[PDB]
Amino acid sequence: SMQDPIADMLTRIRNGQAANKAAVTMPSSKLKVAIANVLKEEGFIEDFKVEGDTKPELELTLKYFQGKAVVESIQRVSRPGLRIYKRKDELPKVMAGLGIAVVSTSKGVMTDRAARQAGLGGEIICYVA
Amino acid sequence: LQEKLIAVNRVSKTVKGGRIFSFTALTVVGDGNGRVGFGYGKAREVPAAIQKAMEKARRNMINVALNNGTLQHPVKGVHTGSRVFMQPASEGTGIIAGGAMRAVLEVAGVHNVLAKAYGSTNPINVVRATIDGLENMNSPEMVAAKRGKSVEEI
Amino acid sequence: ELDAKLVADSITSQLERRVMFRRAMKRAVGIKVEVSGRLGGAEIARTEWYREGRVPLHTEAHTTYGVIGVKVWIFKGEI
Amino acid sequence: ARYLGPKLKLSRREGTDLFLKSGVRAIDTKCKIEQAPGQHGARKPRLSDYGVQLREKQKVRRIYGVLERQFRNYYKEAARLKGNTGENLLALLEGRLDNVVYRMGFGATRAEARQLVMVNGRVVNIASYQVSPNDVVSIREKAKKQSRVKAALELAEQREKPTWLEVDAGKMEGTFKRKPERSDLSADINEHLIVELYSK
Amino acid sequence: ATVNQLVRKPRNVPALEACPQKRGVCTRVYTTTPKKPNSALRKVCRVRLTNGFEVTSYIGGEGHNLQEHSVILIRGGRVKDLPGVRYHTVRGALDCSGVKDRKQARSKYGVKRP
RNA sequence: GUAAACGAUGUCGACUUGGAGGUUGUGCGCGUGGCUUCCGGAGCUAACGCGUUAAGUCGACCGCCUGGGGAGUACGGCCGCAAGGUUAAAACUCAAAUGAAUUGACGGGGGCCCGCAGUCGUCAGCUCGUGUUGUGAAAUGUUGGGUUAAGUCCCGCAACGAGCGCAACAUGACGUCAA
RNA sequence: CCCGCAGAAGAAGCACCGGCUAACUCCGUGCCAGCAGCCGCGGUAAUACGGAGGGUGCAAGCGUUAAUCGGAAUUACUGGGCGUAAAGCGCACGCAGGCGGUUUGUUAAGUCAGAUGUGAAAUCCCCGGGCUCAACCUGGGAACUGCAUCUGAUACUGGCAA
Ligand SMILES: CN(C)[C@@H]1C(O)=C(C(N)=O)C(=O)[C@@]2(O)C(O)=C3C(=O)c4c(O)cccc4[C@@](C)(O)[C@H]3C[C@@H]12
Ligand SMILES: [K+]
Ligand SMILES: [K+]
Ligand SMILES: [K+]
Ligand SMILES: [K+]
Ligand SMILES: [K+]
Ligand SMILES: [K+]
Ligand SMILES: [K+]
Ligand SMILES: [Mg+2]
Ligand SMILES: [Mg+2]
Ligand SMILES: [Mg+2]
Ligand SMILES: [Mg+2]
Ligand SMILES: [Mg+2]
Ligand SMILES: [Mg+2]
Ligand SMILES: [Mg+2]
Ligand SMILES: [Mg+2]
Ligand SMILES: [Mg+2]
Ligand SMILES: [Mg+2]
Ligand SMILES: [Mg+2]
Ligand SMILES: [Mg+2]
Ligand SMILES: [Mg+2]
Ligand SMILES: [Mg+2]
Ligand SMILES: [Mg+2]
Ligand SMILES: [Mg+2]
Ligand SMILES: [Mg+2]
Ligand SMILES: [Mg+2]
Ligand SMILES: [Mg+2]
Ligand SMILES: [Mg+2]
Ligand SMILES: [Mg+2]
Ligand SMILES: [Mg+2]
Ligand SMILES: [Mg+2]
Ligand SMILES: [Mg+2]
Ligand SMILES: [Mg+2]
Ligand SMILES: [Mg+2]
Ligand SMILES: [Mg+2]
Ligand SMILES: [Mg+2]
């Protein structure tokens, strides 16, 4: 059964980029939208939008630069079978700072850089580069 | 271009009469400034094999975005059974790598690096894994470019 | 340098003077050059040869290790 | 604890002048600097990557007469210290006092200078003493009637005297002003080979 | 293996008894043939050690002085071409004499300096 | 209570170019479901291959592996009327065992030809450069359709050329048998 | 510790040199004698055995054996595999266990933040100091990644309610 919707979102992006899809759609959730917001603000995806009400669908517009997909890697870190939490000092650097780690903190989902500047740890959702 | 001979190997094919020995030569060439290529040459004599390898190496060179004679970030490279890891190091570290990886990194112009070869250490595949690792390494500028940000934002 | 006898003598005398046999042979090289014997003072005697151009055939160094034969063919046109 | 053997062979094996002779006459007239020592000397095979790294380490050792245990301890110190390890290592060898007695010109060779073995006006008879910035090194009075020290200074006066030190006549003293940078020393030592050899 | 599986279930010289040498008494002294591709009369001996283990030991160098009831010091070290010979006798220790007329690697054959 | 009980491929879910079939529903030649077979793309793979029925990209949980032997054996337990099954070691011994693929050679494998059916053998072979393919040994060229006494010649062809043989003007290619 | 006396005088060895691995020749031997960490070497021109000459490495030590970790990503948490190399139970149902679609509220167990207490000294590390130097001794710091308590945060996971 479906036991990790976030890993599914990341995979839809990974597989979408590898297949040169313009957009990818999926069942929405508040956490998926929170992650989509971070990906947009850091410039990994172009745009997102939620459509529906009873069964909302999240669409992500993927971005390509010089033919190549911009999301070169995207990996689930914390997962249902093994949750991963880090203190502020132990927050991971992705690609020596050139990538992002998405972190769920008590002040919402944000990048590792924003968590570190806010002085927060949290759950490491995924690495993006 | 600096040129380095990594490995020479005697190979054999059988014929009606007996065995026909020949030689293979694996070489790397580089400008010492983020340009590197490898060549693999085969001939009945060792010096002919090396010459063929060096000619191949000069025409199959790729560009690597260096930083101060070290890498931009930790990189993984894979080819066949060879899996390599390479990490940026501080000045005065030197090339902390095995011989095949060392030859590549030296001619490429990487002075400081920590490396490790996992899986098969077969030179032919280690060199391909290493160059594969280097060529897909991102600089901050191209990251900034693809993400549509400034480098200070990155 | 061209005359087949002088080149044959150039090889044999060089093998007596401890020149590496491939160096003498490649310098000699339509031409073929064979050298056969205990080459490099090998216990196993071997034959080696190099050709360049056409040699259409159908159309002695007295070393420390023993006798090494040398043969030269030069095709310098027809007739 | 000392190499007390024929000295020219070292420079011959290394294939470079290691500054191990007095200089009464030329190195070429003394020995074959081109040729490696021994019966199989005019031979020169390919040397391995290991063999190259070894010969660079044995070069930097054999100049100073530092045996392996003591040389290894310098590497460890150089790696420990902040900054560039290879540069730190040369700085530590240059910081030695027994270089200074020779370098200032009191011994004809380092072997002689070592037979002859004051810093900040205190007697120090230790070859391995690390001389610091702003330290005054000097000679005694009791052994300034030796002809050795007279001759050695005349040998020293033909060399290029060092360019971070201040040797003086008579009272015969000089300040270690600063530690040398890598720019000061010979661009010939490839000290990264020594760093790599001990990293092995 | 999954994390849950790992949580449930996590990841040649025996007669010396981790001593550098053992003393022993020769119960038989003989020669044996090496395995292929070698040919020689290799000098071995069965030895009862002070800990009660009985083992075959090799006698190295050119010519030896060991009988039954000779008291020898063995060390570790197999002989590749004698299967089941895992120990060497120390030359120039206890009864076992130094090798006669050795001049190189003397310290390995118990031979005092000429 | 075991089988090469095999797809030698655990179950569940999601995602990711195509082509041709089979079978079984269903809506208006055109759709839309289920099950199934063959080919193949990216990707993956040591290679062979797999390829929306993944061996691709991911997530959940389980089972299992840790050199070849000794050994799925001994001992103990449990099960069985028995045959035996199941759980499952150690001493000891070797520096390999193994997988896939490559060039030969070989087959009481297949196809097509030839010969009164020093040497092989006057047999028609044997190679190289450069290019290209393969991680690589290597391959291609030299295979294929014809034709010839002949790698002879023609035509096609990721090969393009060249050498030694063939032929032409007795002549024995590269090599084989430590002959 | 210092000063004086006499005279190079009283003071250099051990392993190695076929590849891995820095260092090669001659003589003796002839699958013998022997070597060997691994591959291997020795049957008449042995850089591999034994001696010598030369050489390389260490040096008041040098070798050998034993033993631990490393290299070994070769038990793989970091960090591996299971079509054919070792590896998918013959197939299923299913208790314990692990995991759990989506929304709101609540809680604050996990998680996160801060504070406080503790985490002996020595050791390690850093900057200094003292023995002529060094080892060694030593001042202050850092560290001791932990544990507990209190006060907060509430995204995510868990509990509860709808
Ligand atoms: C100590 N421990 C419980 C061991 C163990 O883990 C075993 C295992 N299969 O994992 C045993 O079989 C183990 O439990 C066990 O049973 C052992 C033995 O039966 C024997 C027997 O019977 C005879 C000789 C040697 C053994 C042995 C060394 O294999 C024994 C080892 C035992
Ligand atoms: K043998
Ligand atoms: K292949
Ligand atoms: K299962
Ligand atoms: K075993
Ligand atoms: K070719
Ligand atoms: K793992
Ligand atoms: K909650
Ligand atoms: Mg290629
Ligand atoms: Mg391996
Ligand atoms: Mg000492
Ligand atoms: Mg079974
Ligand atoms: Mg069946
Ligand atoms: Mg079947
Ligand atoms: Mg099975
Ligand atoms: Mg069915
Ligand atoms: Mg297919
Ligand atoms: Mg049984
Ligand atoms: Mg039983
Ligand atoms: Mg052919
Ligand atoms: Mg022809
Ligand atoms: Mg053709
Ligand atoms: Mg003819
Ligand atoms: Mg060597
Ligand atoms: Mg001999
Ligand atoms: Mg050990
Ligand atoms: Mg480990
Ligand atoms: Mg494995
Ligand atoms: Mg099998
Ligand atoms: Mg199997
Ligand atoms: Mg099955
Ligand atoms: Mg079930
Ligand atoms: Mg949930
Ligand atoms: Mg809490
Ligand atoms: Mg403490
Ligand atoms: Mg909740």
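First the proteins, then the strands, lettered A, B, ... as listed; each starts at 1. For the numbers below, each heavy atom of this structure counts, side chains included, while hydrogens, waters and symmetry mates do not.
- Comparing F/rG99 with G/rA87, their P atoms sit 12 Å apart, to the nearest whole Å.
- For the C1' atom pair drawn from F/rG80 and F/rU66, the interatomic distance equals 34 Å after rounding to whole Å.
- Counting distance only, with no hydrogens placed and no angle test, the side-chain atoms of E/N38 and the base atoms of G/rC41 include a donor-acceptor pair under 3.5 Å.
- With respect to the salt-bridge test (charged N to carboxylate O, under 4.0 angstrom), the residues E/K22 and E/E17 do not qualify.
- With a 5.5 Å centre cut-off and a 30° plane cut-off, the bases of F/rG151 and F/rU152 come out unstacked.
- None of D/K9, D/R61, D/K59, D/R62 except one satisfies the salt bridge (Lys or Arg N to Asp or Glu O under 4.0 Å) rule with D/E14; the exception is D/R62.
- Nucleotides G/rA48 and G/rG81, compared at atom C1', are 42 Å apart to the nearest Å.
- Heavy-atom nearest nucleotides on RNA chain F were determined for B/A43 and for E/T2, and the one closer to the 5' end corresponds to E/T2.
- At a cut-off of 3.5 angstrom, the base of F/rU135 holds at least one donor-acceptor pair with the side chain of B/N125.
- Among the atoms of the strands shown, only primed sugar atoms or phosphate atoms (P, OP1, OP2) are found under 4.0 Å from some heavy atom of D/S48.
- Nucleotide G/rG146: paired with G/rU118 (Watson-Crick or G-U wobble, both distances less than 3.5 Å).
- Rounded to the nearest 0.5 Å, atoms CD1 (A/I74) and CZ (A/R14) are 7.0 Å apart.
- Between C/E48 and C/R46 there is a salt bridge, since a side-chain N of the basic residue sits under 4.0 Å from a carboxylate O of the acidic one.
- Judged on ring centres (limit 5.5 Å) and ring planes (limit 30°), F/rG134 and F/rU135 do not form a stacked step.
- Residues A/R79 and A/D4 are not paired through a salt bridge, judged by the lack of any N-O separation under 4.0 Å between the basic side chain and the carboxylate.
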Quiz prompt | Nucleotide-resolved protein contact map, nucleotides 167-179 of chain F, B/S/- at heavy-atom distance under 4.0 Å | solution = -BB-SS-SSS---
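- Residue E/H64 is tested with E/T89, E/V99, E/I59 for a side-chain contact (heavy atoms from CB on, under 4.5 Å); the sole match is E/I59.
- In this model, a side-chain donor or acceptor of E/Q5 finds a partner on the base of F/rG63 within 3.5 Å.
- If you check every strand for non-hydrogen atoms under 4.0 Å, E/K22 touches nothing.
- In this structure, E/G84 reaches the sugar-phosphate backbone alone: every heavy-atom distance under 4.0 Å involves primed, P, OP1 or OP2 atoms, never a base.
- Pucker assignment for G/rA109 gives north. The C1'-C2'-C3'-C4' angle has a positive sign.
- Using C1' as the reference atom, F/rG51 and G/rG83 are 14 Å apart when rounded to the nearest Å.
- Here the closest heavy-atom approach between residue A/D112 and residue A/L91 is recorded as O-CD1, 3.7 Å.
- Nucleotides G/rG10 and G/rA22, compared at atom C1', are 36 Å apart to the nearest Å.
- Where B/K13 and E/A1 meet RNA chain F, the nucleotide closest to each residue was compared, and E/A1 sits on the side nearer the 5' end.
- Base orientation for G/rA72: syn, the chi torsion being within 90° of 0.
- Using Watson-Crick or G-U wobble geometry with both donor-acceptor distances under 3.5 Å, G/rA113 finds its partner in G/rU151.
- Listed pair E/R86 / F/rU93 meets the phosphate criterion, a side-chain N or O lying under 4.0 Å from OP1 or OP2.
- Across the P atoms, G/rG61 and G/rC14 are found 15 Å apart, a figure rounded to whole Å.
- Salt-bridge check for A/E123 with A/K86: failed, with every basic side-chain N at 4.0 Å or more from each acidic carboxylate O.
- When heavy atoms are screened at a 4.0 angstrom cut-off, A/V103 is found touching no nucleic acid atom at all.
- Looking at heavy-atom distances under 4.0 Å, A/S78 makes no contact with the nucleic acid at all.
- On a pure distance criterion of 3.5 Å, a polar donor-acceptor pair joins the side chain of E/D81 and the base of G/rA36.
- With hydrogens and angles left out, the side-chain atoms of D/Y50 and D/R55 include no donor and acceptor closer than 3.5 Å.
- What separates CZ of D/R13 from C1' of G/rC17 is a distance of 12 Å, to the nearest Å.
- With salt bridges taken as basic N to acidic carboxylate O contacts below 4.0 Å, one links D/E68 and D/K57.
- Taking for each of D/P45 and E/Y109 the nucleotide of RNA chain G with the nearest heavy atom, the 5'-most of the two is the partner of D/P45.
- In this structure, a donor-acceptor pair under 3.5 Å is present between the side chains of D/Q70 and D/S128.
- A salt bridge links E/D81 to E/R42: at least one charged side-chain nitrogen sits closer than 4.0 Å to a carboxylate oxygen.
- From the dihedral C1'-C2'-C3'-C4', which is positive here, one reads the pucker of G/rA76 as north, toward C3'-endo.
- Contacts of D/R62 with the nucleic acid, taken as non-hydrogen atoms under 4.0 Å apart, involve only primed sugar atoms and P, OP1 or OP2.
- With the 5.0 Å side-chain criterion applied to paired bases, E/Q104 registers in the major groove alone.
- Using the sign of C1'-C2'-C3'-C4' as the criterion, G/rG88 falls on the south side of the pucker cycle.
- With hydrogens and angles ignored, no donor-acceptor pair under 3.5 angstrom links the side chain of B/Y40 to the base of F/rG136.
- Glycosidic torsion of G/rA76 falls within 90° of 0, placing the base in syn.
- With respect to the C1'-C2'-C3'-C4' torsion, F/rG121 shows a south sugar, the value lying on the negative side.
- For E/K80, the listed nucleotide lying nearest its side chain is G/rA36; candidates were G/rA59, F/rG136, G/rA36.
- Ion pairing of C/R54 with C/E78 is present here, as a side-chain N (NZ or NE/NH1/NH2) and a carboxylate O approach within less than 4.0 Å.
- Judged by distance alone, with hydrogens and angles left aside, E/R11 brings a side-chain donor or acceptor within reach of the base of F/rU66, the pair sitting under 3.5 Å.
- Taking a centre distance below 5.5 Å and an interplanar angle below 30 degrees as the stacking criterion, C/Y65 stacks against the six-membered base ring of G/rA45.
- The glycosidic torsion of G/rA9 lies within 90° of 0, placing the base in the syn range.
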Look for any protein N or O under 3.5 Å of an N or O in nucleotides 5-12 of chain G and output each such pair with its distance, or none.
{"residue": "G/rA12", "atom": "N6", "partner": "D/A1", "partner atom": "N", "Å": "3.2"}

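- In terms of the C1'-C2'-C3'-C4' torsion, G/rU75 has a south-puckered sugar. The angle is below zero.
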